[PDB]
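Have a look at the structure below, then the notes.
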Amino acid sequence: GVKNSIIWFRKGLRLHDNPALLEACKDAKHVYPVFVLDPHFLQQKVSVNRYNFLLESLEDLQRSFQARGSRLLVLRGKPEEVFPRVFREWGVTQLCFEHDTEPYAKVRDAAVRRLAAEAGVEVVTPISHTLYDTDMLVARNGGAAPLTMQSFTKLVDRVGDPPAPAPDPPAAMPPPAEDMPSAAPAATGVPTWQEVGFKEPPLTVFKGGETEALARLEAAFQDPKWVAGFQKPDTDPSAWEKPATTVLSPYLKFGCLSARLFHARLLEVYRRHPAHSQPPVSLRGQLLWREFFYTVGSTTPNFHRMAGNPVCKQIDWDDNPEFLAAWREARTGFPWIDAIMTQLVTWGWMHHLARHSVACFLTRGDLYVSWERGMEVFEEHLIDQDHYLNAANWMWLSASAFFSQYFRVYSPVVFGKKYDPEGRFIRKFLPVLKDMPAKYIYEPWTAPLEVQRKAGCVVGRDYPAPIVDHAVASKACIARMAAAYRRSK
Ligand SMILES: Cc1cc2nc3c(=O)[nH]c(=O)nc-3n(C[C@H](O)[C@H](O)[C@H](O)COP(=O)(O)OP(=O)(O)OC[C@H]3O[C@@H](n4cnc5c(N)ncnc54)[C@H](O)[C@@H]3O)c2cc1C
């Protein structure tokens, strides 16, 4: 008989470097590009920024398939229920999709494989979300994931280069068959943020999709010397007009950009610049942080929680809803913190060291609230929200796993001031402070009342007083952390 295939998108929201897609197309009479959208997903905490970035990414996919004589089908429902019916309707002989190592993904994918088997459908699941087959890495390491980035980097180097990106798909693709009721255009289109039921528009400045991802890739590679010399810890968290890092994270999260393409492009530059930066600080090192946390996270039970998580220190975090709320709502009274939390909710992206500042403040630095609570807030609002990376970094920042130097505490006043003494970042995200003299903008409570009134920003009415004294709070937290480390024996 003829081959009729499904290419199922979940991540990997791209045509480039898509071995799943290339297989689906091979010798196929009809190809059905599918994304399965849960129409009740938002009736359960998800930002319109995040969801709309997905929608824009699916719109871009739709355009790309339409340009090649095909069409993206956005099926409504649950995969386990939808696939059995479309398998029979479409006479499907092959289902292809990119492997996903998240916990829910593994449960869902096992069930779809069983269903496919019952229908006589071959399943093909190439690895292309991560640089490497992460189970292969664990296996080559003797059965456990490396637990430091140094040892992880050594492991990947023994394995060698990640696979090259797969070729671009053909200029024409086999379409869905005609008169297939589950492929009706009216039931299978990409909805708008209004239609999924949001009442407030997205404010983020970064647009979804593969086209934008590739454009932003080319922008970053415009200066190869910048790419070659890139050192992460030396980049500026206060830069917002021209962010100091690539802002490729949302594109990498959704697979609008291939990590292997990015990595291959880095090696090309590196060959022409043999003095380039090395891991962990290099741009390649950044993709390795991602790979490291995917590898550990995918092989650790309860990785996104404290209890029952074998890598995580059990810490006596306070049940402090008022402190969490003040942090989440950008009303701590420390303009650096509040400006970053404002960027979180308005853009859904902040620089890495901005995330460091706010996460340290929430957890082991000032407020002693669980990292699980911070992760949850980040999960709601980040356009790059990534299960493994979010958990791992919150555990790092809280000195719960990977990192143990709890005497290193960032200052919510001093940290940003060393980059941006003018307070340009604060003024942008906290316009109530836009006329405050630079001298006081990180510590507005120290402005004379005449200065506050003249600025139109009186502390305690226009902008909150600080919710803690940093010196007192950090001292208290450091003592609690020391005690928590002693109890774990
Ligand atoms: C508390 C906290 C929570 C975080 N949550 C997320 C999240 O949900 N999703 C997410 O993608 N990143 C997260 N990060 C990591 C990092 O801050 C972002 O990946 C980075 O800010 C993205 O900006 P960029 O694309 O310009 O990074 P670049 O510096 O240009 O790096 C290129 C890519 O490497 C990866 N990367 C870079 N830094 C890290 C890192 N420290 N850990 C893992 N991968 C990295 C990303 O895919 C990134 O796009 C978190 C960090 C902290 C401290």
Side-chain angles (χ1 to χ4, degrees), residues 11 47 49-50 53 102 129-131 149 152-153 206 212-213 216-217 219-221 226-227 229-237 239-240 242-263 265-266 277 279-297 304 327 337 340-341 343-344 347-365 369-403 410 415:
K11 308 187 182 179
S47 175
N49 285 335
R50 181 178 141 203
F53 193 100
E102 297 183 4
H129 184 60
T130 50
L131 298 169
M149 168 73 163
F152 181 81
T153 299
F206 305 108
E212 293 279 1
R216 188 158 208 108
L217 180 74
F221 277 83
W226 179 80
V227 174
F230 186 96
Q231 298 198 48
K232 185 61 162 274
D234 300 344
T235 61
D236 182 358
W240 58 269
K242 181 184 170 61
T245 57
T246 64
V247 203
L248 289 172
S249 52
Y251 306 98
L252 291 160
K253 178 273 190 307
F254 286 102
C256 304
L257 183 64
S258 161
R260 288 168 179 182
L261 175 57
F262 194 175
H263 194 283
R265 292 291 294 277
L266 290 168
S277 50
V281 310
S282 65
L283 239 196
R284 169 166 178 269
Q286 301 319 291
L287 298 182
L288 295 182
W289 280 112
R290 168 173 187 276
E291 198 82 8
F292 173 45
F293 295 143
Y294 267 80
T295 300
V296 170
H304 74 285
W327 180 84
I337 304 301
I340 294 161
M341 295 305 288
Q343 185 182 43
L344 172 65
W347 285 15
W349 184 90
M350 317 96 87
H351 185 271
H352 183 61
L353 295 172
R355 304 188 199 200
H356 266 244
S357 282
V358 302
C360 182
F361 190 88
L362 184 64
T363 61
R364 69 178 179 78
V369 166
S370 170
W371 66 266
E372 297 189 82
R373 304 293 85 74
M375 186 181 68
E376 285 162 1
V377 172
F378 274 27
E379 183 161 327
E380 176 168 355
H381 297 289
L382 285 174
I383 67 175
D384 59 11
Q385 79 81 18
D386 185 298
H387 177 81
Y388 291 130
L389 312 189
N390 201 18
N393 279 278
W394 274 101
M395 281 193 286
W396 189 290
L397 263 287
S398 63
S400 294
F402 309 113
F403 177 82
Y410 305 123
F415 194 84

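The residues of the chain are indexed from 1 along the displayed sequence. Worth knowing before you read on, the calculation uses all heavy atoms, side chains too, and leaves out hydrogens, waters and symmetry mates. Just follow the structure's listing: the first ligand is 1, and inside any ligand the first atom is 1.
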Requested in this report: Please report the shortest heavy-atom distance between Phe254 and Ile383, naming the atom on each side.
Outcome: CE1-O, 3.5 Å
Query raised in the report: Centre of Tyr251's six-membered ring, under 6.0 Å away, within 45 degrees of the axis: is that where NZ or CZ of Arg216 sits?
Result: no
Query raised in the report: Quick one: side-chain hydrogen bond (donor to acceptor under 3.5 Å, both in side chains) partners of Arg284, sequence neighbours excluded?
Result: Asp157, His263
Report summary line: Contacts of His356 meeting side chain to side chain contact (heavy atoms under 4.5 Å, CB included) (sequence neighbours excluded), chain-then-number -> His352, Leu353, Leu397, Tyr410
Report task. Using heavy atoms and a cut-off under 4.0 Å, could you grab the residues that are in contact with ligand 1, chain by chain, numbers ascending? Result -> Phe230, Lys232, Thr245, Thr246, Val247, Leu248, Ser249, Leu252, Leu283, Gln286, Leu287, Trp289, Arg290, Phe293, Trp349, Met350, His352, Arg355, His356, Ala359, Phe378, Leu382, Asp384, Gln385, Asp386, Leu389, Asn390, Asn393, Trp394, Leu397
Query - Those residues that, when tested against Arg355, pass salt bridge (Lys or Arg N to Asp or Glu O under 4.0 Å) (two or more places apart) - result: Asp384
Requested in this report: Tell me, with the steps shown, if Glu291 and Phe152 meet side-chain contact (heavy atoms from CB on, under 4.5 Å).
Outcome: CA-CA 9 Å; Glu291 198 82 8; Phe152 181 81; 3.5 Å; yes
